Every structure is written in C-alpha cells, then in structure tokens.
Amino acid sequence: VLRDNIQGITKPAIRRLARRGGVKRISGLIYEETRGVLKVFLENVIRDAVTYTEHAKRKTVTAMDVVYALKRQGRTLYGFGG
Amino acid sequence: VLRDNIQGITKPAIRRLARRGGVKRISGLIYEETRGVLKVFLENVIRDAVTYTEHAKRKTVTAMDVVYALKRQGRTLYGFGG
Amino acid sequence: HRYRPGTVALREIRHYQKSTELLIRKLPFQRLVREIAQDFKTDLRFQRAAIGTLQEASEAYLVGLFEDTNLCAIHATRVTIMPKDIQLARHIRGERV
Amino acid sequence: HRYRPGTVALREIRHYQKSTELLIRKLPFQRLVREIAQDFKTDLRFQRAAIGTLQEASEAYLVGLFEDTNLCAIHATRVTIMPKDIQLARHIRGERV
Amino acid sequence: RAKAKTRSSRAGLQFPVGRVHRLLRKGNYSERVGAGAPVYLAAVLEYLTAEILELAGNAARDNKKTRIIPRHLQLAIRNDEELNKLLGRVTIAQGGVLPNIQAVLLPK
Amino acid sequence: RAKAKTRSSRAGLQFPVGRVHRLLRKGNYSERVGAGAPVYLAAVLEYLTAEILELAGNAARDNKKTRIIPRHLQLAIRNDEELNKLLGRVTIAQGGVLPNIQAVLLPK
Amino acid sequence: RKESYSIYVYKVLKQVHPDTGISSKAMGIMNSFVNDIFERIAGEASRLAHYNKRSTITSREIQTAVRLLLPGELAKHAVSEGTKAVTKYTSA
Amino acid sequence: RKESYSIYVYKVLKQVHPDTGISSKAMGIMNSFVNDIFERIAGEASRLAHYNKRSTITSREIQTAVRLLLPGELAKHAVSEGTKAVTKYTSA
DNA sequence: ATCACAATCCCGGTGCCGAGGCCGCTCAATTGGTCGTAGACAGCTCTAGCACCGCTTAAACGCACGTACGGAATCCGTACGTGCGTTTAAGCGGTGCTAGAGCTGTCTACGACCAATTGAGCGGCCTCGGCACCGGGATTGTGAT
DNA sequence: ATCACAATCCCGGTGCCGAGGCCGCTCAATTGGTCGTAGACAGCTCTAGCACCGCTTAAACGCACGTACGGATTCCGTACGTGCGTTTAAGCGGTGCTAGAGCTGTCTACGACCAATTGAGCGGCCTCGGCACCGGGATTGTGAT
C-alpha cells in the first residue's frame with residue numbers, strides 16, 4: 001500500500017515548473033498549494049481513465065484511456081509520452 | 001443603414017450590469033472597454049447564428065439559430081430570452 | 001442630509017442582485033444587433049425571440065465578466081474596477097485579448 | 001563573486017523556456033499516480049505510455065497555471081507569487097477551488 | 001393478444017420509455033439499441049428531474065410562493081454543489097444571480 | 001472494366017478520399033454520405049496539414065535543422081494567430097512553451 | 001405537433017411537491033434541461049460503444065456514461081435508480 | 001494493422017518542403033491533429049444534417065461546418081480548396 | 001448618544017390573465033412472429049508489466065548569510081459618487097403591407113448494395129546520415145570598483 | 001569606464017540509432033449495374049416581421065460639489081535567493097515470473113423488421129386562483145446633531 005507519495009513532487013521540481021511558467025520569485029507557501037492542485041487534477045483524470053478501463057473489462061489502464069479522460073476534462077493532448 | 005448604435009448601451013445600463021455583478025466603484029474608462037467587449041461577443045455569436053440561418057436557406061434568424069450559435073461558443077442557454 | 005458615497009451603491013447592489021429583469025433597454029440593443037448583423041448578410045430578418053435570447057445571453061455574459069473583474073480589483077487592494085482588471089479577467093478566461 | 005538575487009532566476013527562466021524535457025522525476029510521479037489510482041480500483045496495471053501521457057498532461061497543466069498565477073501576482077504590483085494568486089487564477093478559470 | 005402495457009409502467013417510471021427508445025434509435029448514436037438502455041436512461045432522467053424539482057419547490061415555498069419560476073430553479077441549482085457542478089456552463093433565462101457582496105466593500 | 005483510378009487522383013489530392021469516405025460511413029454521422037463530401041473533407045484536411053507543415057518547416061530551418069520535431073510544431077502553432085485560435089485547448093507532447101518573460105521582471 | 005417532456009415533468013412535480021404549480025417559462029427551462037442531459041448521456045454512450053468497437057448501446061454503456069457525466073453523490077443515486085428500474089422491468 | 005495518415009502527411013511534407021524530414025513523434029502529433037480535425041468537422045456536419053432534418057451529409061454540410069469551425073482566413077482558404085477539389089472531381 | 005426622516009417590511013383588498021383541467025382523434029407505441037448476426041464465452045499464446053537488485057553520480061537537502069522585497073503608514077489631489085432640473089427617446093398601442101416560412105405534391109438523380117478485380121499500403125528488414133555531444137577557443141554578461 | 005571570470009556561442013569530429021527506402025501480398029478501394037427513396041423544385045396560403053406615428057412618462061444627461069480613494073513616498077523587518085558540503089535515491093540494465101491482452105471459433109439470445117391494433121398525447125376551449133399592485137401603518141437604518 002503506497003502512501004504519501006505527494007512529497008515526491010519536490011520543491012526543486014515545482015521551482016522548475018514555475019520557471020518554465022516565467023516566475024521569478026516564489027513564496028514559501030506555494031509548494032503545498034501546488035501539491036494540492038496537482039493532486040486534484042490527477043484525481044479527476046485518473047478517475048475518468050479508470051472508468052474507461054473498467055468499461056472495457058480490462059485490468060490495465062492504457063494510454064488511450066488516459067487520452068480519452070483528458071478529452072473529457074477539455075485537455076486534448078496530441079501525441080504521447082513515455 | 002444603421003450606424004453607431006454601440007452608444008445606445010448607455011453608461012447607466014453598464015452601471016446596472018456592474019451592480020448585478022457586485023461592483024461598488026467604477027472607473028470612468030470602463031464604459032468604452034465594456035462596449036468593446038460586448039461588440040466582440042455579439043460579433044462572434046451573430047456570425048455563427050447567420051451561418052446556421054444561411055445553411056437552412058432561410059432569410060429570418062430564428063431563436064433556435066441563436067441557441068445553436070451560443071451552444072457553439074460553449075454558452076449553453078436554457079429556455080428563451082423572449 | 002445626503003448619503004455618503006457608497007451607501008446608494010450598496011443599496012443598488014442589493015436591489016439588482018435581488019431581481020431578474022433585463023438591464024439593457026430593448027430598442028437600442030435591437031438596433032445594435034441589426035447593425036452588427038448587416039455586415040454578415042444584407043436584408044436579414046429576425047424573430048423577436050431571437051433578439052430576446054441574444055439580449056439574455058449578452059447580459060449574463062457581461063454580469064459574469066463584471067464578477068470576475070471585481071475579484072481582480074479586490075486582489076489589487078482597490079475597490080474601483082479598471083480596464084486592466086477586465087483585461088486580466090478576460091485573458092485568464094482564455095478570451096480574444 | 002556572488003550573483004544578485006534574480007539573475008540566476010532569469011537565467012533559469014531562459015533555460016527552461018528553451019527546453020522541452022519533463023521537469024518532474026519519473027519514479028516519484030509514477031508512485032503518486034499508482035497511490036491515487038488504488039482508491040478507485042485495487043490491483044491496477046499501467047502501460048508505461050499511460051503514466052508518461054499523464055505526466056506530460058500534468059506538467060502542461062501546472063505550467064499554464066503558473067503563467068496565470070504570475071499574471072495575477074504582477075497585477076497586484078508584486079514580483080512574488082503567493083497562494084492567493086493561485087486561488088484567483090483557478091477561480092477565474094472555473095476550477096473547483 | 002393481450003392488452004397493451006407501456007414499458008414505462010412495466011419499469012415503474014413516469015418518463016416515457018417508448019419516446020426515449022425512439023429518440024435513441026433516430027439520433028445516429030449507434031447501429032443498434034438494447035432493450036434496457038431506454039429504461040435505464042429514462043430512470044436517470046426522471047431522477048435528475050425529481051431532484052431539481054424538489055430543490056426548486058423548497059426555494060419557492062421559502063419565498064412563500066406556490067408556483068415555481070425560473071428564479072427558483074436558478075436558486076436551487078446554484079445552491080446545490082452537485083447540481084452547480086453539473087450545470088456550471090449553463091445560463092438560465094430570467095434566472096438572475098445569487099446575492100453576494102464581497103466583505104471588503106461593506107461599511108465601517 | 002476500365003483501368004481503376006483512385007478518387008484522390010481524380011480530385012488532384014494527396015489525402016485518401018476513399019478512406020475518408022469509409023470513416024464517414026462507419027462513424028455514425030448520418031444515414032447516407034454524398035459523393036462530394038469525402039472529396040471536400042479530404043481537400044480541407046490536406047490544406048490544413050500543408051499550412052502546419054509549411055510553418056513548422058520554416059521554424060525548423062530557422063534553427064538550422066533538417067527534421068521537424070514536436071518543438072517546431074509547437075512554435076509554428078503558437079506563433080500563428082489562426083492556428084493558435086484553432087488549437088487553443090490543445091497540448092503538444094514535448095512542445096514546451098513560447099519564450100516569454102514579463103517586462104517588469106527584467107533588471108533595471 | 002411539437003414534442004415536449006411537459007406532461008412527464010408535471011407528473012414528477014405532483015409526486016415530489018403535490019401542492020406546487022409551475023410557470024410555463026419554468027417548464028421551458030425544464031424541457032431544455034431534460035434535452036441537454038439526454039444529448040450528453042447519449043453522446044458519451046455512443047463514444048463508449050465506438051471506442052470498444054461495439055455496435056449496440058446497452059444499459060452498460062448508459063451506466064458508464066452516467067458515471068462519466070454525473071458528479072459524486074448524483075452519479076451513485078442515478079445508478080441506483082437505473083439499476084432498480086431495469087430490474088423491475090426485466091421481472092415484468 | 002492500425003491505419004494512420006503518415007504516408008499522406010509525408011507526401012504533403014515533400015510537396016511543401018522537399019529537403020525537410022520529420023521525426024516519428026512529430027508524425028504522431030500530425031496524426032492526432034488530422035484525426036481531431038476530422039472528428040470536429042464530421043460532428044458539426046452531423047449536427048447540421050440533424051438540425052435541418054436531412055439524412056445525408058453532403059459537401060454543403062462540410063462547407064458549413066468548415067465555416068463554423070475554422071477562424072478567419074483559414075476558413076476562406078479551406079473553403080476555396082474544397083470547392084476547387086470538388087469541381088475537379090466532378091469533371092473527371 | 002439622538003432625531004428626522006427615508007428605505008423597508010406588514011396587512012390586507014380588488015383585478016386579471018395564465019395555469020391546468022377536459023374531450024375527440026390520430027399517429028406513435030405495443031404485440032407477436034421470424035430470422036440473421038453481435039457478442040458472450042471458452043481456450044490458447046506469448047507480450048509486456050511487475051519485482052528486485054547493485055552501482056554510479058546527479059539531484060535534493062540542510063544550513064549560513066545578506067539584501068530585496070512585501071507590507072504598513074502617511075499624504076495629497078483629483079476623479080469619482082450623489083443630487084437636481086431639463087431633455088430625450090423608449091415603450092405602447094394601433095394600422096397596413098408583404099416577404100417568406102411552412103407545407104404539399106411530383107419526379108428523378110443520387111446513393112446503397114453486391115459481386116468481381118486489382119493495386120495501395122503495411123509490416124518487416126536494412127542502411128547510411130542528421131544530430132547529439134565533446135573539447136578547444138573566442139565573446140560577452142555580470143558584479144565590484 | 002576597468003577587470004575578472006563564469007556563462008555562452010562557435011567550429012569541427014566523430015558514433016549511433018532512427019528516418020526512409022524496398023518488396024511481397026492481402027485486403028480495402030474501385031467498377032459496373034439495379035433499384036428505391038431522399039430531396040430538389042414548384043406552387044400556395046397565411047403568419048409574423050417591418051414601418052410608422054402620436055402620447056406619456058421614466059430614463060438619460062449635464063452640471064455642481066465634496067470627499068473617498070488611488071497612487072506616490074518612505075521606512076523597516078524578514079523572507080526570500082544564492083552558494084556549498086553532504087546525503088539520498090533516481091536511473092539504468094539485467095533477470096525472472098506470470099497476469100492478462102489479444103486473438104479465434106462456436107452458437108445462441110437478442111434486436112431489427114413488419115403488420116395490425118389501440119390508447120396516450122396534443123390541440124383548442126374555458127374558468128377560476130395565484131400573484132403583482134396599492135395604500136395606510138409600523139419597523140429599521142443612516143447621517144448630522
């Protein structure tokens with residue numbers, strides 16, 4: 001049973017993500033708030049993807065399930081990741 | 001030929017709309033900006049509505065053309081404005 | 001005797017958030033809609049309910065925009081909405097800016 | 001000798017906006033995804049491409065959110081982003097808040 | 001030949017199963033439509049309708065009124081978190097808005 | 001029988017008219033599909049593809065590159081107004097972002 | 001000869017609040033709501049059928065589409081209602 | 001044996017940039033783009049046929065969907081290209 | 001703290017038009033029989049997901065230090081809100097005219113369907129060349145002076 | 001303006017693995033013919049959209065005036081950014097094991113289709129009941145006194 005993996009989203013990673021966003025100075029309370037925002041986004045996408053997987057009677061979440069779930073959220077993605 | 005009807009959207013009408021939105025104090029330059037925003041929104045909706053009308057070989061814009069054009073913008077409307 | 005600045009504004013806020021009627025006058029809005037539509041097609045006719053639906057949607061859109069703008073103005077520690085507040089609210093919403 | 005505060009930040013901004021690689025480490029993100037998914041169904045399997053796709057989408061979402069948050073912080077005449085900036089950006093976008 | 005019985009009455013529903021089946025069949029949704037799909041869809045639509053009407057009637061009764069008007073529907077939707085999430089991109093004609101004044105604008 | 005000709009070559013296209021017709025027929029879009037609709041659709045799809053590949057090839061050449069990578073597609077889409085409007089809600093995998101630093105954050 | 005859900009919405013109203021009427025503007029709102037939810041559920045079920053290369057829309061597709069479209073408590077109660085109605089219909 | 005647009009995208013690429021290649025990930029992006037635009041146009045055309053009580057999707061519906069979906073000059077050039085292709089096809 | 005008096009809630013009392021009930025009919029829903037195939041299920045292969053482990057070394061972390069920034073307080077000047085008299089034009093009701101929406105009937109061209117033919121594209125293998133990286137060297141961007 | 005030096009750009013010089021070409025064949029696209037019906041087109045009726053006008057009165061407009069707010073300035077305390085030595089764990093590559101994804105074949109229950117029956121829903125007509133309005137009175141809420 002995995003637990004408390006949200007701390008694997010480290011402060012340096014959040015700083016890199018903010019730098020790609022153009023941020024110059026980051027308050028100390030941003031990291032926990034970002035962790036919450038990311039958790040909510042992932043919960044909604046993963047719930048939809050698992051629904052798509054269970055409808056197909058599969059046990060394995062495929063990339064296409066994730067792509068369809070992102071299309072539900074209005075987050076259309078072109079291509080794939082690794 | 002109609003000309004310069006955007007000024008028919010008067011300063012007190014914009015003030016009433018801001019009051020329904022909970023705005024307490026309004027800058028003097030807000031009225032022209034609001035007119036520009038309304039003109040852009042109306043242009044998009046009306047262009048789509050007229051496209052729907054033309055596809056039907058009609059000369060009259062119906063309320064259902066407007067409801068489809070609003071549904072295209074992602075602005076679903078229940079009922080009719082009358 | 002006269003009311004301090006903002007008392008009448010707060011009364012107006014309570015009154016207009018209580019009500020549901022249209023806040024723009026019907027003839028000027030109809031003239032505006034026809035003037036816009038004449039650019040896409042000449043000699044266009046309109047059902048009355050079409051113009052009514054357009055006004056309902058437009059007023060709802062403007063009221064929602066003013067709510068977001070008021071949030072932006074409060075975020076700047078002002079109480080006056082300014083054009084930059086509208087610009088910020090429309091940019092974040094993804095609108096044509 | 002020592003760089004003034006902000007010079008290294010501006011260099012980093014230039015570097016990370018030039019590049020396209022993933023900014024979150026893969027193993028921690030995959031553990032996070034599996035931990036979140038166990039609450040919906042036990043003993044799920046994942047294609048590797050599935051987790052990769054999730055990471056790409058998540059990082060894009062966070063970068064867009066940070067851009068909007070930066071706009072809000074600048075609107076408040078600040079150069080430091082704060083939790084209230086994120087709250088305002090997410091509220092204007094229409095998110096759950 | 002037995003006396004005709006509606007599929008709504010067999011399923012114990014007020015919403016019309018036959019009309020839902022005809023709409024599903026003619027909507028270019030799929031090549032074939034299963035027997036239970038219109039029944040399930042009608043049950044779901046009826047339940048959502050009942051949920052909204054209950055909240056709107058509560059609002060109307062709170063306003064000392066016996067008729068539901070679009071303002072009552074708007075109040076019911078915007079005050080229920082689930083319905084507000086479902087109908088969040090929807091404009092109700094003549095619905096108005098929820099009374100809400102920001103605390104910073106209030107006096108003294 | 002005459003020598004077979006693909007409908008794409010009759011219409012002077014590189015995109016496949018026959019496959020577009022087959023996708024239209026099997027996609028539950030309508031009961032019948034006219035003869036000119038797949039031709040028109042293939043033409044439009046080819047035009048949009050050509051626009052994007054032209055812009056992306058220009059972006060690749062500006063970096064002294066021979067092969068188009070996802071970054072060049074992202075730069076082409078975000079730097080062109082109409083494409084940016086059409087693809088507004090789309091994420092390009094490994095596209096990155098446009099370089100953009102707000103002026104107030106720059107020194108002096 | 002236009003088609004509306006007005007009589008069925010009125011029947012549901014008489015069960016839920018027996019003494020309460022409804023205005024014709026509010027009945028139009030209700031008709032729009034019913035039609036919008038119908039189109040959402042049917043389109044999501046059609047996408048579910050096409051994704052899995054199936055040709056039939058069954059109660060399974062409807063259940064999955066409802067789980068995809070309805071949030072939280074609403075989805076669970078609607079699924080309960082749909083299952084109950086299908087079970088009662090099958091025993092008829 | 002999955003079907004994609006890589007061979008036609010490559011042909012168009014060699015038509016516009018003879019000396020330019022493309023990586024497989026950019027090609028996957030292009031395939032996703034073509035599939036997305038196809039879904040959008042076909043869905044809008046199906047809506048247009050349904051609104052007007054027509055059972056057939058013709059080039060008129062495709063053209064109207066193109067005008068509804070594409071912005072500005074893209075729509076004008078796409079309509080021109082489609083009309084030219086249909087005209088050439090009809091004379092064949 | 002008080003008061004005038006303005007905004008607001010109570011309590012009834014006629015109107016008045018829209019809700020909701022009622023009835024005949026027609027057209028969509030239901031029932032029963034036949035049949036073709038979609039899909040449910042079983043069985044099998046072999047792909048790819050998971051677990052674990054040891055090494056390397058890049059990233060993360062914790063701490064010290066200093067200064068740049070956020071926040072608070074002050075001040076001023078002018079652009080807002082409020083009130084009042086005058087002007088404007090919206091709203092309403094009525095009249096008249098006609099464009100075009102909606103419907104119906106006819107017919108014919110177009111699209112489905114089917115059987116045979118064939119060539120386009122797909123998967124698999126193979127090979128060179130575009131680009132990533134490294135190292136040496138010249139330029140410039142940044143901080144103290 | 002000078003100076004140090006870290007960061008950045010520039011110019012080859014390879015390796016390597018993936019972009020792109022080649023080929024056999026199979027399965028999807030094409031050709032030709034027959035048939036039914038979708039819809040193009042004409043013609044007709046009658047609705048509803050547009051034009052216009054005169055009155056009334058609510059709304060808009062212009063102006064005066066004052067003060068509340070926005071913006072600039074200053075000051076300070078600490079929360080941030082930067083640098084560096086140490087610890088952590090990610091990434092990689094290899095191995096083993098097996099769950100389950102993807103496929104194929106069988107067969108049967110289910111859903112389409114069609115003809116006949118029939119009753120639910122809809123349109124029009126009608127009559128009262130809910131609700132907005134009005135006036136007289138009490139409540140309460142704001143700003144100077």
Side-chain angles (χ1 to χ4, degrees), chain A residues 10-13 25-28 58-60 62, chain B residues 10-13 25-28 58-60 62, chain C residues 1-9 11 25-28 43 45-48 77-80 82, chain D residues 1-9 11 25-28 45-48 77-80 82, chain E residues 1-7 16-19 21-22 31-35 65-67 107, chain F residues 1-7 16-19 21-22 31-35 65-67 107, chain G residues 1-4 7 10 21-24 54-56, chain H residues 1-3 7 10 21-24 54-56:
Chain A
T10 55
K11 153 187 185 160
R25 215 165 173 269
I26 302 161
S27 171
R58 279 185 273 101
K59 325 260 227 304
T60 312
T62 70
Chain B
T10 63
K11 166 178 173 184
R25 229 169 160 265
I26 302 160
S27 176
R58 281 189 274 101
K59 288 174 283 185
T60 312
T62 59
Chain C
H1 188 70
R2 55 184 285 150
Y3 281 117
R4 298 218 93 111
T7 297
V8 167
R11 297 200 335 242
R25 316 252 264 160
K26 297 189 181 181
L27 282 193
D43 306 332
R45 289 161 92 94
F46 279 91
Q47 298 190 331
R48 174 199 174 242
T77 61
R78 285 180 283 104
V79 298
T80 321
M82 285 160 191
Chain D
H1 49 227
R2 177 177 277 264
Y3 288 122
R4 332 259 299 289
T7 299
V8 189
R11 235 200 283 127
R25 310 213 84 179
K26 287 212 199 52
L27 279 193
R45 311 270 279 199
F46 284 92
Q47 297 192 338
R48 193 145 192 298
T77 318
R78 278 186 271 103
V79 301
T80 314
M82 278 158 206
Chain E
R1 180 165 167 176
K3 190 174 180 176
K5 188 171 179 180
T6 58
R7 294 187 264 167
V17 173
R19 186 180 291 189
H21 190 222
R22 192 241 304 153
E31 310 101 272
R32 303 160 80 75
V33 175
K65 309 262 172 253
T66 66
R67 267 210 278 274
Chain F
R1 292 172 64 135
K3 171 79 143 310
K5 292 199 81 271
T6 72
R7 294 188 265 168
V17 176
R19 181 183 293 188
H21 189 193
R22 197 240 302 148
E31 304 91 292
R32 302 160 81 76
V33 178
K65 294 302 200 234
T66 278
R67 272 135 56 171
Chain G
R1 307 174 76 87
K2 290 185 178 181
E3 184 180 77
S4 75
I7 68 166
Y10 196 78
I22 184 157
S23 76
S24 51
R54 296 293 181 94
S55 78
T56 318
Chain H
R1 299 173 75 83
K2 198 169 183 178
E3 70 192 321
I7 64 165
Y10 187 85
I22 185 159
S23 72
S24 66
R54 297 299 188 76
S55 79
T56 317

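Throughout, protein chains are lettered first and strands after them, A, B, ... in sequence-line order, and every chain is numbered starting at 1.
F/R22 has a side-chain polar atom (N or O) that falls below the 4.0 Å cut-off from OP1 or OP2 of J/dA29. In this model, the phosphate group of I/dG143 is approached by a side-chain N or O of D/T7 to a distance below 4.0 Å at OP1 or OP2. Side-chain N/O atoms of B/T60 include one lying less than 4.0 angstrom from OP1 or OP2 on I/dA101. Within the structure, a side-chain polar atom (N or O) of A/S27 is placed less than 4.0 Å from OP1 or OP2 of J/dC80. At the phosphate of I/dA132, OP1 or OP2 sits under 4.0 Å from a side-chain N or O atom of F/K65. Proximity of C/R45 to the phosphate of J/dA48: no side-chain N or O atom is located under 4.0 Å from OP1 or OP2.
Across all strands shown, I/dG137 forms a Watson-Crick or G-U wobble pair with J/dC9, both key distances being under 3.5 Å. J/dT86 is paired with I/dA60 under the criterion used here, namely a Watson-Crick or G-U wobble arrangement in which both key atom distances are under 3.5 Å. If you check I/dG94 for Watson-Crick or wobble pairing at under 3.5 angstrom, you find it paired to J/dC52. Pair check for J/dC114 finds I/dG32; Watson-Crick or G-U wobble, both atom distances under 3.5 Å. In this entry I/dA101 has J/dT45 as its Watson-Crick or G-U wobble partner, both defining distances falling under 3.5 Å. If you check J/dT73 for Watson-Crick or wobble pairing at under 3.5 angstrom, you find it paired to I/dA73. Within the shown strands, I/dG39 is the pairing partner of J/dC107 under the Watson-Crick or G-U definition, both distances less than 3.5 Å. Nucleotide I/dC25 has J/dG121 as its partner under the Watson-Crick or G-U criteria, with both atom distances under 3.5 Å.
Around atom CZ of D/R48, no more than 12 heavy atoms belonging to other residues, nucleotides or ligands sit under 6.0 Å away.
Taking atom CD1 of H/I22 as the reference point, atom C1' of J/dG20 lies 13 Å away to the nearest angstrom. Rounding to whole angstrom units, CZ of residue H/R54 and P of J/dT37 are separated by 18 Å. Rounded to whole Å, the distance from CZ on E/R7 to P on I/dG32 is 14 Å. Note: CZ (D/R78) to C1' (I/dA68) measures 15 Å, nearest angstrom. Regarding E/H21, its NE2 atom lies at a distance of 11 Å from the P atom of J/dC113, rounded to whole Å. B/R58 has its CZ atom 19 Å from the P atom of I/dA99, to the nearest Å. Atom CZ of C/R4 is separated from atom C1' of J/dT67 by 8 Å (rounded to the nearest Å). Protein atom NE2 of C/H1 is 14 Å distant from nucleotide atom P of I/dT82, rounded to whole Å.
Interatomic distance, D/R25 CZ to A/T10 OG1, rounded to the nearest 0.5 Å: 8.5 Å. One distance of note links OG1 of C/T7 with OH of C/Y3; it measures 8.0 Å at 0.5 Å rounding.
The heavy-atom pair separating E/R7 from E/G18 by the smallest distance is NH2-CA, 3.7 Å. G/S23 and E/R67 make their closest contact through N-CD, 4.2 Å (heavy atoms, listed as atom of the first residue, atom of the second, distance). What you find for B/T62 and B/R58 is that their closest heavy atoms are CG2-NH1, 3.7 Å. Considering all non-hydrogen atoms of both residues, A/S27 and D/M82 come closest at CB-CG, 3.9 Å. Shortest non-hydrogen contact noted between H/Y10 and H/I22 is CD1-CG2, 4.5 Å.
If C/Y3 and D/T80 are placed on DNA chain I by their nearest nucleotide, the residue sitting closer to the 5' end is D/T80. Residues D/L27 and H/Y10 each lie close to DNA chain J; by heavy-atom proximity, the contact nearer the 5' end of the strand is made by H/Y10. For the pair E/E31 and F/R67, nearest-nucleotide mapping onto DNA chain J gives the more 5' position to F/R67. In terms of position on DNA chain I, the residue among C/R2 and G/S24 whose nearest nucleotide sits closer to the 5' end is G/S24.
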Might you list the N or O atoms of the protein lying below 3.5 Å from N or O atoms in nucleotides 57-62 of chain I, with each pair's distance?
{"residue": "I/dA60", "atom": "OP1", "partner": "A/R16", "partner atom": "NH2", "Å": "2.9"}
{"residue": "I/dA60", "atom": "OP2", "partner": "A/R16", "partner atom": "NH1", "Å": "3.0"}

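Residue note: I/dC80 shows a north-type sugar, the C1'-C2'-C3'-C4' torsion being above zero. Pucker assignment for I/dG105 gives south. The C1'-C2'-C3'-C4' angle has a negative sign.
Side-chain contact of C/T80 with B/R25: a donor-acceptor pair under 3.5 Å is present, judged by distance alone.
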Would C/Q47 and B/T60 satisfy side chain to side chain contact (heavy atoms under 4.5 Å, CB included), going step by step from the backbone distance to the final call?
CA-CA 7 Å; C/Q47 298 190 331; B/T60 312; 4.0 Å; yes
How would nucleotides 117-127 of chain J be written as a contact map, 5' to 3', with B for base contact, S for sugar-phosphate-only contact and - for no contact, using protein heavy atoms under 4.0 Å?
B---SSS----
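Across all strands, D/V79 comes closer than 4.0 Å only to sugar-phosphate atoms, never to a base (heavy-atom distances).
Salt bridge status for F/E31 with H/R54: absent, with no side-chain N to carboxylate O gap under 4.0 Å.
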